[PDB]
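1. Take a look and give me a structure for this.
(10 chains, ligands or ions: 2)
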Amino acid sequence: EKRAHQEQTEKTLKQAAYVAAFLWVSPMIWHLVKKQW
Amino acid sequence: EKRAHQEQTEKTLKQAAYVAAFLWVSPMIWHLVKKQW
Amino acid sequence: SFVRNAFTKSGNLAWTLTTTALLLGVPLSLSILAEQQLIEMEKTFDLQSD
Amino acid sequence: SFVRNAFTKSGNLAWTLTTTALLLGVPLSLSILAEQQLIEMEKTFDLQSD
Amino acid sequence: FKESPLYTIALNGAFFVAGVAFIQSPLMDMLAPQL
Amino acid sequence: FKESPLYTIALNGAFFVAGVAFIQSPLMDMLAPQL
Amino acid sequence: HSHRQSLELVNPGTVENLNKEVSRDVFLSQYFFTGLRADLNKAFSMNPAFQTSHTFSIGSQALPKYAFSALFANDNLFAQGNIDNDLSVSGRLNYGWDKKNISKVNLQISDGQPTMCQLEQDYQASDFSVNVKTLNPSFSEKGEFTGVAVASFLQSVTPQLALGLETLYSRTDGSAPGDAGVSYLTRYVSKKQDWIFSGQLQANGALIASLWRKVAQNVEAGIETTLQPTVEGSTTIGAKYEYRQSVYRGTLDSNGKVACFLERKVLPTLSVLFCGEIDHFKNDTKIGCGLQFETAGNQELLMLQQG
Amino acid sequence: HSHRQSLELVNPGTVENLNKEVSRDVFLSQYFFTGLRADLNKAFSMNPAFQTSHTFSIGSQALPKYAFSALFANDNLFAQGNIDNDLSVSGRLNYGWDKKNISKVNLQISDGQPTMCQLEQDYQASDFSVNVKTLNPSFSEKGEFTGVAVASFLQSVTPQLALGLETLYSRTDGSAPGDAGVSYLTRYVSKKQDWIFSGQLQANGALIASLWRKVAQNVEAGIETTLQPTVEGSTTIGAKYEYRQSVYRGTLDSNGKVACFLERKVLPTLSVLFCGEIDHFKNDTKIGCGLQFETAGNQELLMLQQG
Amino acid sequence: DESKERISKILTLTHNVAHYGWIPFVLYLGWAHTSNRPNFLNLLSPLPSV
Amino acid sequence: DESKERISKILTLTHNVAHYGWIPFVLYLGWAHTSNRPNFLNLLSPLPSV
Ligand SMILES: CCCCCCCCCCCCO[C@@H]1O[C@H](CO)[C@@H](O[C@H]2O[C@H](CO)[C@@H](O)[C@H](O)[C@H]2O)[C@H](O)[C@H]1O
Ligand SMILES: CCCCCCCCCCCCO[C@@H]1O[C@H](CO)[C@@H](O[C@H]2O[C@H](CO)[C@@H](O)[C@H](O)[C@H]2O)[C@H](O)[C@H]1O
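-> Residues are numbered from 1 along each chain as shown, chains lettered A, B, ... in the order given. Ligands and ions are numbered 1, 2, ... in the order given. Here you go:
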């Protein structure tokens, strides 16, 4: 049963890392969106 | 028995009155004592 | 009656507002006043110097 | 040892004497100082008037 | 009559919006001494 | 070793005499600012 | 009663004004409080004094939350009426039949406790002082007194001394005969009014001895010693340093507690004040802080007040 | 990564400096205390700062009776060591490898409780900020982490906004696998730096939203709203009015309590301060009063201090 | 007795009149002996509103 | 293991040295980086005794 909890917390941490990468990408994407209009 | 207590407190009050009279007399007596020496 | 309740309610509210205003304003009023006096002293020393 | 007790005793006594002296002297020191400043202001206004 | 957790949520949100409008509004400026 | 009522009697009397001599003595005058 | 006129005796102060210098002027037990408090007194007139006072308090057990008091004082009559939250009304009334003789009344109502009112008569002659104060007088069906009665006398044996006594007789109900307690009193004022001594041996076995000394015009000192088998007594030494802007009071007790009270006039109207008490034996503190506004009621006093 | 240089992005503040203006500069929760307190700091030198501080307190539960703290701070290294009565030693050490990157340590010993020390590494780039702080790290026999780890990131999507997050992973013992909690972060600074908004949705379901506004150079305002089924939240609106002689702070809470903190510089050395808190719903008060002496250690600073 | 009932009755009356009516009577004495004779609002308001 | 005992031992040593010896080390850094280098009494005394 503890393996499921380990998997869940591991998933949470991987998700946080992905969000941080998205934030690093985000200024360029925001400016390209502003560039479109 | 209460009559004895009434008598005792009455005696106390009479004594206090006598002391007050003595105090009123006292300046003259004090000065006469000082006059003697 | 209802009027007797209104006096109690309004008086308690006035008490709270009053003590709140005192605590929040009197130290500040004295701070501002000391600063006004200090500005005034500086102005006087400035006019006397010039 | 006995030396360790002496440090505790003397330090606690120094603490009490110090906090007592602060509470009893600092408000008085500020009172006396404000009065000194007021005397000084009166002397200055007196010399300027004369 | 609710007296539920969304009550305190809504009440603190209302105090927030009121305070932001008080702060952001001209009334807060009046509370500033000119000096 | 007494720890009896006359103990506090004597202690308060001693504090009294000490305070009177402190007060009556020159040391109290020194505690007076000249101004 | 001719070489009585020879002595040049001076009237001593009231029995209430016996430890006045130490217990009230110097020390801070009356002055000390706890928690925040604000006072707002306003004066409407001054030839006959009339003024109304509001008092807001919080953080103490003695002081009420809101108290409205109003007094009137003309040349010979004083009347103060006081209303408190939970409607406890206290009223006192002094009337001076003459500069010496006064007849007064104090009436206190607590709205849930027995009402207590005391009738006092204080007469001060050329060389002595008398008072008689009776608290809750009432006569039983037999014609016997029921209440408290305190009669005190004070005489100057010489222009410095003042010896006297006060007799308290208290009878609660009439079932038990009331009890009497006598107390003796001594005051000695110095030749140059520098220092004063004051000792009272109460009826409960207690003793209170106090000394006051004036070091200079702006400074004063005083010590007091109280004690009440189960004996226990406290000694307190204190000093008052008064100036034009402020009044400082410090106190050092035998129970291990120190105390301070500063009243700092900051405006012509406002006066801030601080009070701080440390207790070392149990290591804690009482802080009270507060203020007094005084405001003129009419325009003339408002211009007199500032300048 | 070229038209990144085009944007002209500015570094946002640390995650700890997110609600800095409201929670610390304006409000008084850090500043507020109870009972009497005195502080005595003395400065021995100033090119590398070194100063030793004594702190005496009484009447509060948080503050100890005597605390001696001493700090050294040269151009890139800060070290503070603190000793408290009952010998609880706390020491912090910052070392700046560069103006941006810093590596720090905080070590606290409680003489009866488990020692807690945290190693933090804070690196701030041109357009983002990172920190990684680990509290009580330890490795089990299997090679698995055991402690608390907090890694936070903050990025400016545009020169006003700053979006970010902080991830907390905590594993107490190893028997139970540790838990992870993520929190999101938002800051928005105005164009003219007039007002700031700051919102954080914590991992415990809690939300903290705050606003700061600068009305003028001497005055500031700010509101904060915290909340954490069993929900409960508090709103606080406050203002800071700073002047050259004094600093005033007032605060009004949704829990029915008002609060005040005045720091009044009276001498070039001494500064008095007052703090007062009323609670209306249960009708009581906390008063704290205190002072700060600052004294120069050497002769040169002693002449610099006065003039 | 009837005299006991009478004294108790007038004591009740006097106690009521003193509880309800002592402090307004003080205020009326004041308002009489002033030269300005302000209104009832100003008589209770703590302000300098004059 | 032996490595576990060793790490525990040197952690005990480091914890002791930090508990007993952190704040004197701070004070020594200070006393080194001052131009005056005062004595030990003045280093702890809160006064301006210089
Ligand atoms: C229930 C309500 C409770 C209300 C409680 C409020 C209590 C507030 C008490 C603390 C307030 C601080 O009050 C402080 O008083 C000092 C005196 O000590 C004032 O000091 C004053 O003296 C100087 C002397 O030159 C003058 O220039 C000036 O009038 C003023 O500054 C300060 O201006 C103020 O900062
Ligand atoms: C454990 C120890 C605890 C020690 C506790 C002691 C606490 C004492 C705090 C109350 C002390 C009163 O402190 C009060 O501060 C005010 C400011 O508010 C000072 O006010 C000051 O400002 C005016 C402004 O012109 C100056 O002239 C002067 O420097 C001074 O008067 C008062 O001089 C002092 O009366």
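2. Which residues are in contact with the residue in chain C positioned nearest to ligand 2?
-> Ligand 2 sits closest to residue C:34 of chain C, with a gap of 5.1 Å, by C-beta to the nearest ligand atom. For every residue, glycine as well, the C-beta is placed using N, CA and C. Residue C:34 is in contact with H:243, H:245-246, H:264, counting by C-beta atoms under 8 Å, 6 or more residues apart in numbering or on different chains.
3. May I have the phi/psi pair for it?
-> Taking degrees, to the nearest 10, you get phi -60, psi -40 for the backbone angles of residue C:34.
4. Next, work out how far apart it and residue C:41 are.
-> When C-beta to C-beta, to the nearest Å is the yardstick, residue C:34 and residue C:41 sit 11 Å from each other.
5. what's the spacing between the residue of chain C closest to ligand 2 and residue A:10?
-> As judged by C-beta to C-beta, residue C:34 and residue A:10 stand 61 Å apart.
6. Kindly reformat the contacts of residue C:34 as JSON lines containing secondary structure.
-> Below are the contacts of residue C:34 laid out as JSON lines (DSSP: H, G, I helix; E, B strand; the rest coil):
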{"residue": "H:243", "secondary structure": "coil"}
{"residue": "H:245", "secondary structure": "coil"}
{"residue": "H:246", "secondary structure": "strand"}
{"residue": "H:264", "secondary structure": "strand"}
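7. farthest-separated two in these?
-> By the measure C-beta to C-beta, the contacts of residue C:34 have their two most distant members at H:243 and H:264, which lie 9.7 Å apart.
8. Find the residues that touch each one of the two.
-> Among the neighbours of residue H:243, those also in contact with residue H:264 (C-beta under 8 Å, 6+ apart) are C:31, C:34.
9. can you map out the helices along the chain?
-> Reading this off chain A. In order along the chain, chain A carries the following helices (DSSP state H): A:2-36.
10. Oops, wrong one, chain G.
-> Counting by DSSP H, chain G has these helices, from start to end: G:3-7, G:299-306.
11. Would you format the ones you listed as JSON lines with mean neighbour count and distance to chain B included?
-> Converted to JSON lines, the helices of chain G look like this (neighbours: other C-beta atoms under 10 Å in any protein chain shown; distance: least, C-beta to the nearest C-beta, whole Å):
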{"stretch": "helix G:3-7", "mean neighbour count": "12", "distance to chain B": "6"}
{"stretch": "helix G:299-306", "mean neighbour count": "13", "distance to chain B": "46"}
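12. So for residue B:3, which of the ones you listed sits nearest?
-> With C-beta to C-beta, the closest approach to residue B:3 among those belongs to helix G:3-7: 41.7 Å.
13. Now do that closest one: which elements does it pack against?
-> Where contact means 3 or more C-beta pairs under 8 Å, 6 or more residues apart in numbering or on different chains; DSSP states H and E, helix G:3-7 is packed against helix B:2-36.
14. can you tell me how far the closest residue to chain D within chain I sits from chain J?
-> Each residue of chain I has a distance to chain D, by C-beta to the nearest C-beta, and the smallest belongs to residue I:48, at 25.6 Å. Plainly put, residue I:48 is 46 Å away from chain J if you go by C-beta to the nearest C-beta, to the nearest Å.
15. Give the closest residue to that residue in space, chain neighbours not counted.
-> The spatially closest residue to residue I:48, leaving aside those adjacent along the chain, is residue G:295, at 4.6 Å (C-beta to C-beta, 6 or more residues apart in numbering or on different chains).
16. mind listing what that neighbour touches?
-> With C-beta under 8 Å, 6+ apart, residue G:295 has these contacts: G:40-43, G:269, G:302, I:46-48.
17. ok, 7 Å please
-> By C-beta atoms under 7 Å, 6 or more residues apart in numbering or on different chains, the contact list for residue G:295 reads G:42, G:269, I:46-48.
18. Then residue G:188?
-> The contact partners of residue G:188, taken as C-beta under 7 Å, 6+ apart, are G:160-161, G:196-197.
19. Look through chain E and state the residue closest to chain H.
-> Among the residues of chain E, residue E:5 lies closest to chain H, at 3.6 Å counting by C-beta to the nearest C-beta.
20. Could you count how many residues lie near residue I:5?
-> 9 (other C-beta atoms under 10 Å in any protein chain shown).
21. where along chain I do the helices fall?
-> According to DSSP H, the helices that chain I contains are I:2-32, I:40-44.
22. Summarise which helices and strands the longest one is packed against.
-> The helices and strands touching helix I:2-32, judged by 3 or more C-beta pairs under 7 Å, 6 or more residues apart in numbering or on different chains; DSSP states H and E, are strand G:66-73, strand G:77-84.
23. State the distance from residue G:30 to residue E:16.
-> For residue G:30, the distance to residue E:16 equals 48 Å [C-beta to C-beta].
24. more neighbours, these two?
-> Between residue G:30 and residue E:16, counted using other C-beta under 10 Å, the more crowded position is residue E:16 (20 against 10).
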